[PDB]
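Heads up, the thing below is written out as structure tokens.
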Amino acid sequence: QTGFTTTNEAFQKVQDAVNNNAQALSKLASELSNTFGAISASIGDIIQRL
Amino acid sequence: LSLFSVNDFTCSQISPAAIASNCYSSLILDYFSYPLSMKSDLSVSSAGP
């Protein structure tokens with residue numbers, strides 16, 4: 001009842017699953033919606049420059 | 001630009017309309033005396049002196 005801390009590496013496994021799907025979703029899909037080669041950077045240079 | 005007669009107007013990574021309308025941090029406009037004979041030498045990709 002008392003202990004659900006870092007030592008409990010069955011609770012940490014729960015935290016691992018949670019972090020795992022959270023980082024698969026948000027981090028990966030969002031940071032890969034940013035820039036690719038370099039110049040395009042955001043949008044595709046629709047009017048901003050090109 | 002209307003005061004002169006532009007012989008060449010080539011915009012790279014930018015469009016001729018945008019270079020008149022977009023805003024940015026800083027403009028650098030360098031000028032010199034250049035014959036039209038050596039226009040080919042005046043390019044980013046050339047082996048000319």
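First the proteins, then the strands, lettered A, B, ... as listed; each starts at 1.
- Residues B/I19 and B/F9 form a side-chain contact, since some pair of their non-hydrogen atoms from C-beta on lies under 4.5 Å apart.
- Considering all non-hydrogen atoms of both residues, B/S46 and B/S40 come closest at CB-O, 4.0 Å.
- To the nearest 0.5 Å, the span separating CG on A/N34 from OG on A/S40 amounts to 13.0 Å.
- A/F4 CZ: 12 or fewer foreign heavy atoms inside a 6.0 Å radius.
- Around atom CD of A/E9, no more than 12 heavy atoms belonging to other residues, nucleotides or ligands sit under 6.0 Å away.
- Of the inter-residue distances, the one linking B/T10 atom OG1 with B/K39 atom NZ reads 10.5 Å to the nearest 0.5 angstrom.
- Distance CG/A/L32 to NZ/A/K27: 8.0 Å, rounded to 0.5 Å.
- A 4.5 Å side-chain heavy-atom check between B/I14 and B/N22 finds at least one atom pair inside the cut-off.
- The CG atom of B/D8 lies 10.5 Å from the OH atom of B/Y34; values are rounded to the nearest 0.5 Å.
- For A/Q48 (side chain) and A/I46 (main-chain N/O), a donor-acceptor pair under 3.5 Å exists by modelled atom type.
- For A/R49 (side chain) and B/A18 (main-chain N/O), no donor-acceptor pair under 3.5 Å exists by modelled atom type.
- Counting heavy-atom neighbours within 6.0 Å of B/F32 CZ, excluding the residue itself, gives a total above 12.
- Tracing side-chain contacts under 4.5 Å through hydrophobic residues (I, L, V, M, F, W, Y), one never reaches B/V44 starting from B/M38; they form parts of separate clusters.
- In this structure, CG on A/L50 lies 12.5 Å from CD1 on A/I43, to the nearest 0.5 angstrom.
- Side-chain contact between A/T6 and A/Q12 is present, with heavy atoms from C-beta onward closer than 4.5 Å.
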